[PDB]
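J.: Below is the structure I would like to discuss, written out as structure tokens.
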Amino acid sequence: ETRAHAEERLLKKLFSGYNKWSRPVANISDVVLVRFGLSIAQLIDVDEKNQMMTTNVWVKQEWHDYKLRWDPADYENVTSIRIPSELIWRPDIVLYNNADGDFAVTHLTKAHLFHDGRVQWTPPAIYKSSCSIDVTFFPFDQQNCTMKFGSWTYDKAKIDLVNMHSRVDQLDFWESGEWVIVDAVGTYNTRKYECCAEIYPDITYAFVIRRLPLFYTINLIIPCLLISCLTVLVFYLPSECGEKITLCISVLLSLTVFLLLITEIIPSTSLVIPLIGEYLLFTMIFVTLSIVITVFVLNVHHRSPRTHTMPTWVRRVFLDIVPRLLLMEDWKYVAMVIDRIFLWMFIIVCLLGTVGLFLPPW
Amino acid sequence: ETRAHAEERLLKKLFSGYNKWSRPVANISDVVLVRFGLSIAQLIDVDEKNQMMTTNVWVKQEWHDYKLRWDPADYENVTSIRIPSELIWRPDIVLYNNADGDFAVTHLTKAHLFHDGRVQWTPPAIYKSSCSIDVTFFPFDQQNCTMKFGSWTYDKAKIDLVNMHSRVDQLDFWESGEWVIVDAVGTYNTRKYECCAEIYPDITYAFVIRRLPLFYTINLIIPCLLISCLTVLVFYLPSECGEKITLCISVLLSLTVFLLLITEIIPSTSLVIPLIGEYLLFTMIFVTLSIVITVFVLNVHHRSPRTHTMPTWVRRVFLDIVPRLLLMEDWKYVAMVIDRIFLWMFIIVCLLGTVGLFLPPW
Amino acid sequence: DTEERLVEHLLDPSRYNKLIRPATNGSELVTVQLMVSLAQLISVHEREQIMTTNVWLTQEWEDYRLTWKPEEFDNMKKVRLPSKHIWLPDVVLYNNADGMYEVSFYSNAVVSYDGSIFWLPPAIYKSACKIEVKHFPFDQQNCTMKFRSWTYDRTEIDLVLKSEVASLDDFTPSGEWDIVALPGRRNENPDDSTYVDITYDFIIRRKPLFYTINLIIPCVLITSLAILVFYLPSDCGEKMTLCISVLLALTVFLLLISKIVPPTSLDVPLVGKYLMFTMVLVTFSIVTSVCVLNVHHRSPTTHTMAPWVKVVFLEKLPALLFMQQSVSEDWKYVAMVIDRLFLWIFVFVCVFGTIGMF
Amino acid sequence: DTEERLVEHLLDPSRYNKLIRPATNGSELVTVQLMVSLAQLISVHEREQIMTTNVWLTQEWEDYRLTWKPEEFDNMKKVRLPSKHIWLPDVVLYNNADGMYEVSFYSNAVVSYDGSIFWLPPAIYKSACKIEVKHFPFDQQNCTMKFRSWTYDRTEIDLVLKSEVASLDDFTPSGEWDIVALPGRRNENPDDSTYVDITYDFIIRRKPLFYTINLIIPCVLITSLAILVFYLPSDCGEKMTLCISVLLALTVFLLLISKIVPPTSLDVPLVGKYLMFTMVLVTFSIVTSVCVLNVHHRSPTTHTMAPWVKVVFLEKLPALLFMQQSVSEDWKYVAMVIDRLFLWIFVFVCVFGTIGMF
Amino acid sequence: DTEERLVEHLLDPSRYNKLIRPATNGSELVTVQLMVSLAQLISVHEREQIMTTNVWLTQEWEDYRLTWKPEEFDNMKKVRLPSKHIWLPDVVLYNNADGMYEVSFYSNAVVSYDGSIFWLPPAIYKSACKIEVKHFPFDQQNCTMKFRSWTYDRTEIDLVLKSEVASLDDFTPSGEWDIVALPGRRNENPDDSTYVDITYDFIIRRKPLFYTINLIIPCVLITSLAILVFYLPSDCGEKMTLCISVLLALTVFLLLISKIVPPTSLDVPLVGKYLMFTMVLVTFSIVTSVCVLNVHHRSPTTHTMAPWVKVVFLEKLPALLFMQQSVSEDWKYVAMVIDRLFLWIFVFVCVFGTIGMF
Ligand SMILES: c1cnc2cc3c(cc2n1)[C@@H]1CNC[C@H]3C1
Ligand SMILES: c1cnc2cc3c(cc2n1)[C@@H]1CNC[C@H]3C1
């Protein structure tokens, strides 16, 4: 009489002579069709330094078996029931791309029988994939991470996947804040491996995502760009003060720190190099060259006619240079001159490098 | 006929009326003898800051029961079989010295029956012990870590341990690189506890190990020793320059950093103190005293007869001191004098301290 | 051989069920006498407010269906049993971090013929005790440990103590931390009348030497240079260097000490307080020192320093007991005077604060 | 002894199956009245946007096949049962990190004779709440907690609240974080009509003192030295040192504060903003100061400083209320004038920004 | 439908027991042909001496009680089975950290009618390979992987290789690390005669560019300033600044590089060696430079600089090819001379060390 009693009688009749490990097909050459799909829930972390990607994802499978069928009019008009996924057939679906993970679902949520043998399963999962990280246009970066699902011990003449929706559902996506999903496609594919002769299918989900660049633009690059204006300036500073090498050393050490600090956020791949590390490197090069030339200057200025000599030809040369420079016995005037002429060249060089480096991209 | 068929028949006959939780003895007075031993495999980590020791160790036990016996000629000449350690008797062997561990083996490797009731068991284990760390002669340190095995609920009139080899086997030891095992002994002992009246045995394995001192000698002490030569030197630096307190402050801050950094590698035990921290402390003391005296000097030198006065007796005193010093109103000359006389005393003091501190050990 | 028969007679699934508790004569309570025995105090993590210990808690109680006739079973007064199959009253922490409540090993259980039971398993416990941090490092911390079941209530069991103090016979010294007292108190609620608990209150004192050496000495040693830059002459061009270096070292020590202690905004320690105060002092020093330097490097052509300065300062000279004085020289002397005045008041305030600490 | 018979009669595997749910008279919904009870707010990890709490969620419902006749079974109105064997409706978070949804202990379950059931297990939950970080540290965070089954839908169960507020009877104070309100709302979807959820919205406020002391005071104290290097004379040869040191300390504090807060590029806090602005200011200061220094260290032979300078600056003197002036001396005075002008506009802009914050 | 009957006939608990191994005709050994197939080399953590890989190890063997008649069972030559119920030989690492030995998934197992079996599960393995660190970063590491059972011995099974090389068909490039060879060798002990193992020896080479750029270039670039302070004049009052800054940057780089590499005191890399040497050099430089500075600042009244200096130095002038020289001027010139001499020998020693590296 009660729906629950008929439900018992049915459930007890179905699982009398059932064998989990037996494939659910009547004719051996017949195959089952495992409709497959995903639905993100959030994108926990994307670890660049270790090249990993954590996802919380609601797998979706459905298929059809030939033993879990009945007639509803005989059991008080019940068509759908719910049973654990621990007592029926359950296909082996793995991702070959794991890294510190579990290779399969172990939450084992229940399953919904639909009166026509159709069965539907939706276990959650936390998956840790490994996607290669390309870092040149840091932080304005578009990353591309993959996930390769597929079967393990069943060829294409026993199991054949089918993609339900060619796009990854995002109805319950939870905005992580830093990374946004431009698009997420799902491809079908086949392959052949060395173990065996048959071909095996597979499905490949590709997430193309972008980084919101405000944070690293407002905490990392603005100061390294703000203490690079001071790379060429020391030359406009005289020699009687005694604060040239101080400034130079400070700038050098600061840039070295910023580089040695950004090396913590990017991987150690050698195929490519970012665009910030290279610029900082060129800057450090030119500033140490600047400290060299300014110590040479400081030595020139503090000279004296008794201690040092040989202004033989420099007289003509520098009194002929000073007019071109539009600046109109004593060594100090020549120090000023050489300082100015190096200042012009270094502003030109910093300009030209900072420029010719960032142009091809834009 | 087949060895496997006889093996089944035997295995099925043995476990018909067996009870795990029953002690394997025919006469209640009679005891079993649990031969015991270890075999290291490596020494993963020795955390000084937390006073812990991780070991991967291959426990070895063997005993004899009176029910797991048979005759081999009746079962096709089988004497040894292999069964899981989850269906037979298995003694309670614990280490009282755990710290964030498991108190017993959780791998449960199989066991080898030997046709005369003798049984032999060798489960692996990862053990986290807590050994007190004595740190005075850092890094030249000899540490002494313990492991106290023993039974839990069986007195000496039911169980009695026996040490197999008085030394810990090291045939598959894996050289960790930093720590070497001088020796490793195993002692037998008894005790009586407050809970109860009977006495309980125990076994105590002691590892005496040494540290290879090249790393910390190359990366930690050589620079702190190299920037201590500069503690007494500022005095040989004149006052017209303006670079005395700069040097002094730099040295002080550097030493403070090195001390505040080494405090991360050693525990916070207060019973003792290392030999490096103490030396660095004395050095910091003397260098701040040096900054005090050199500011006093700087004030003396830059004085002037109009602003300041009262060279009443200092004339005689310092013109009588300068000859003893083998150095021949002058605010400058008396400054030079006082500087020299403090320089001599401070070199003497640094010498004498660095010396008289490290002697008793060697 | 009898042991087998006896056991397999006691734990018979038909005669003995585990999911229930022993009761007769009107649902009488089963007493549970428990007392704890420490082994060592592994750690006290302040930054997270956690304490890691190793403990053996002995429970004892009585069951009326685990009795036998000794003379029948070859005169056996005592047996061992597994502690999964017999009944047992659930007893754990409540203030536990890690979400791990129950014990680890689940050791054997003794059994006599009167039905009594005496069971002590081991455990490592991660309790959560709040850190009262004002007298750092000379502090006396106070870490609590609860004990109460989480399936039953007072109308089915009644917990009891055996000794008001936690035993310490198997205890091994800890190094850093040193115990003082280990009281244990039973607690009950009248408004609720279904809340029985046992609370052990470990009282701990820290040994100060280590942190003393590594933090205090450098700290005081450095801050002892804030009252000194005034005695430095402005011609050297160096006051700024010293003052700045001191301020930066000070900020560093401050951040560090705030790292070592937990982020409880309820109370503030003494060291950070003193350090913030002397930091304020030294910045006031830097600003007044730059003023002094500027007034020193003035020349006659640029400024006239008309009457007020002359009389005011060349007359303030004696009030300091500072003495006895070309215009640039007068500038320099004014600077000397003012800096000495500031030095006086600053050393006064330093002593005043040192007193304020007492 | 009866308890045994009663239980072993109720949970009979033939009479009672667990994989199904209790229903009669046309697949009627089984109500599930649940309410949560907090115990403490362990942690709020901003850098990862996570919240760790300890919770006891009491569920109640009704089952028609767990009833009996009390007088038959010696007048027993109540029993305990294990919560693995009986039915139970699955109820967890959805926004959970760690991928751990269900509860930990799986405690016993009370059962009366009318069939009702009252089950509360404990749990530690790691929720994911987004941090709105603009008024740091004086911020009011808002952490959400979902609750809904993940096997059933609205056409088989219907969740309900018992009290609109989450109980706080056992709340032990947290120190740092302080609660304000704990509302709880039922939510449903008309377009879907198969989406029932319960959302509790903890509203939290931070206690500011700790981070105030450790970050703000040093931060303002240091930035208070950016408007001052201009009052320093260029003969000392020291402006560069001070300016550089300030800039570096500033960058350090900036990186640090950006570490302590999460990397959400959606919004920017106030402190980093102010700090970036004053950093720009101080670099403008360094460049104008080097210009001043150069013009100061010029000599007569090298430059003539022809008319414009003379009249323009020696006439700008009064507009500043700065006064009253050998060629090198005129150089030095020009430098003094220009630096004082810059000082004026810089203090003006500092006050302007301090206003801009209000 | 037959598959059901066949399976439920093979794995019958009476006919087939799992705890034993297949043997006949006098306890003959069962061969076990295993070969490994890499998928990617996840990581190589030097600081801890660990290697994380993903692996599929194919085992094959033969069982005489898993055979059938194909024509009876509708001509079925092949079936799948679960790998928990059938026999299987235990095979794992021995050098494993994490204490995790066995495989993760426990995949299905193929079965033919001759009784053969072909089973490959996946795995992630954390091996422990010792790092030979002398040519950093241009180093060729060598990581070992064991394979042997830990329940059986050689008198009951005999392991065998199928291909002397580990397959790389499914391998995905790793970025940093690049493979060279993957030999695999069987190993046996004559003294023991019960020790069979398989050892695969991955040989890896690091790609240097990254660490080159980020460490070497700054390192050499900075140390290139240690032979230069001598060319700086002592009137500037700046040698100390430069030397000190260089020394501190150097110590920093040293500590850092010692962090990145493991704390094996067995061997010392080349970079730390070079850096320590040049550090010693620069401190010798600082001390000799202060001596030079002092002798430069001396005045006539304070010292007489009697004969020795005059003749010795004003005659050493030409040996340097340095030339051609009021008493204070002679002081300054003596300083110049001595500093140039030191510069010469220092550049000589720098070249000497650069040679010493080759
Ligand atoms: C029988 C049993 N297990 C297998 C596992 C795999 C294959 C064939 C198998 N055949 C390859 C194809 N799919 C995963 C791997 C590799
Ligand atoms: C009953 C069951 N097991 C016990 C284990 C031990 C004790 C008493 C016990 N009582 C202590 C005395 N011997 C080993 C430990 C500690």
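Numbering, chain A: per Swiss-Prot, residues 31-358, 589-622 in sequence.
Per the header: electron microscopy, 3.7 Å.
Each residue, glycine too, has its Cβ placed from N, Cα and C.
Quick paste from Swiss-Prot:
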- A:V76, A:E78: Ca(2+) binding site (BINDING)
- A:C161-A:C175: disulfide bond (DISULFID)
- A:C225-A:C226: disulfide bond (DISULFID)
- A:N57: N-linked glycosylation site (CARBOHYD)
- A:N107: N-linked glycosylation site (CARBOHYD)
- A:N174: N-linked glycosylation site (CARBOHYD)
- A:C271: S-palmitoyl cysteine (LIPID)
- A:250-269: transmembrane segment (TRANSMEM)
- A:275-291: transmembrane segment (TRANSMEM)
- A:306-330: transmembrane segment (TRANSMEM)
- A:601-619: transmembrane segment (TRANSMEM)
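Show me how these features fit into the shown structure, please.
T.: Packing around A:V76 (Ca(2+) binding site) is summarised by its Cβ count: 20 other Cβ atoms lie within 10 angstroms of its Cβ, all protein chains included. In the three-state DSSP assignment, the secondary structure recorded for A:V76 (Ca(2+) binding site) is strand.
For A:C175 (disulfide bond), applying a Cβ distance below 8 Å and a minimum sequence separation of six or more within one chain yields A:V76, A:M83, A:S159, A:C161, A:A236, A:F237, A:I239. Following the DSSP three-state reduction, the secondary structure of A:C175 (disulfide bond) is strand.
Classification of A:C226 (disulfide bond) by DSSP places it in coil, neither helical nor stranded.
Annotation for A:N57 (N-linked glycosylation site): no same-chain Cβ neighbours under 8 Å separated by at least 6 residues are found.
A:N107 (N-linked glycosylation site) falls outside any helix or strand according to DSSP and counts as coil.
The number of other CB atoms found within 10 A of the CB of A:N174 (N-linked glycosylation site), across every protein chain shown, is 13.
Less than 8 angstroms from the CB of A:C271 (S-palmitoyl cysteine) sits no same-chain residue that is six or more residues away.
Long-range contacts of the transmembrane segment (A:250-269) within the same chain, counting only residues at least 6 positions beyond its ends with a Cβ under 8 Å from a Cβ of the stretch, are 169, 277-278, 281, 284-285, 288, 292, 306, 310, 313, 316-317, 320, 324, 327-328, 331-332, 592, 595-596, 599-600, 602-603, 606-607, 610, 614.
Through the fold, the transmembrane segment (A:275-291) approaches residues 250, 253-254, 257-258, 260-261, 263-264, 267, 307, 310-311, 313-314, 317-318, 320-321, 324-325, 328 of its own chain, all at least 6 residues removed from its boundaries and within a Cβ separation under 8 Å.
Residues 258, 261-262, 265-266, 305, 308-309, 312-313, 316, 320, 323, 351, 355 of the same chain, all 6+ positions outside the transmembrane segment (A:601-619), place their C-beta atoms under 8 angstroms from a C-beta of that stretch.
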J.: C-alpha of A:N174 (N-linked glycosylation site) to C-alpha of A:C226 (disulfide bond): distance in Å?
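T.: Here the two Cα atoms lie 31 Å apart.
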J.: Rank the disulfide-bonded residues A:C161, A:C225 by how many other Cβ atoms lie within 10 Å of each Cβ and give me the one with the fewest.
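T.: Comparing Cβ neighbour counts within 10 Å for the disulfide-bonded residues A:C161, A:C225 gives A:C225.
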J.: I'm trying to understand the geometry here, so how far is the Cα atom of A:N107 (N-linked glycosylation site) from the Cα atom of A:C226 (disulfide bond), in Å to the nearest whole number?
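T.: Cα-Cα, rounded: 48 Å.
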J.: Rounded to an integer, what is the Cα-Cα distance in Å between A:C225 (disulfide bond) and A:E78 (Ca(2+) binding site)?
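T.: With distance taken Cα to Cα, A:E78 (Ca(2+) binding site) is 33 Å from A:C225 (disulfide bond).
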J.: Using a Cβ-Cβ cut-off below 8 Å, which of the recorded positions A:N57, A:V76, A:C161, A:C175, A:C225, A:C226 are near chain D?
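T.: Near chain D, no listed recorded positions qualify.
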J.: I'd like to verify something. Among the recorded positions A:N57, A:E78, A:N174, A:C225, A:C226, which ones have a C-beta closer than 6 angstroms to some atom of ligand 1?
T.: A:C225, A:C226
J.: For A:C161 (disulfide bond), what is the secondary structure state per DSSP, taken as helix, strand or coil?
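T.: DSSP call for A:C161 (disulfide bond): coil, neither helix nor strand.
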J.: Quick one: Cα separation, A:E78 (Ca(2+) binding site) versus A:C226 (disulfide bond), in Å?
T.: 36
J.: Can you tell me whether DSSP puts A:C271 (S-palmitoyl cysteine) in helix, strand or coil?
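T.: In the DSSP reduction, A:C271 (S-palmitoyl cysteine) maps to coil.
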J.: Based on DSSP, name the secondary structure state of A:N57 (N-linked glycosylation site): helix, strand or coil.
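T.: In three-state terms, A:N57 (N-linked glycosylation site) counts as coil.
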J.: From the recorded positions A:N107, A:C161, A:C175, A:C225, A:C226, keep only those with a C-beta under 8 angstroms from any C-beta in chain E, and list them in sequence order.
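T.: Near chain E, the qualifying recorded positions are A:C225.
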J.: Below 8 Å Cβ to Cβ and six or more residues apart, same chain only. Which residues does that give for A:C226 (disulfide bond)?
T.: A:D185
J.: Which number gives the other C-beta atoms within 10 angstroms of the C-beta of A:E78 (Ca(2+) binding site), all protein chains shown included?
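T.: A count of 17.
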J.: Among all protein chains shown, how many Cβ atoms are found within 10 Å of the Cβ of A:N107 (N-linked glycosylation site), not counting that one?
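T.: Its Cβ has 10 other Cβ atoms within 10 Å.
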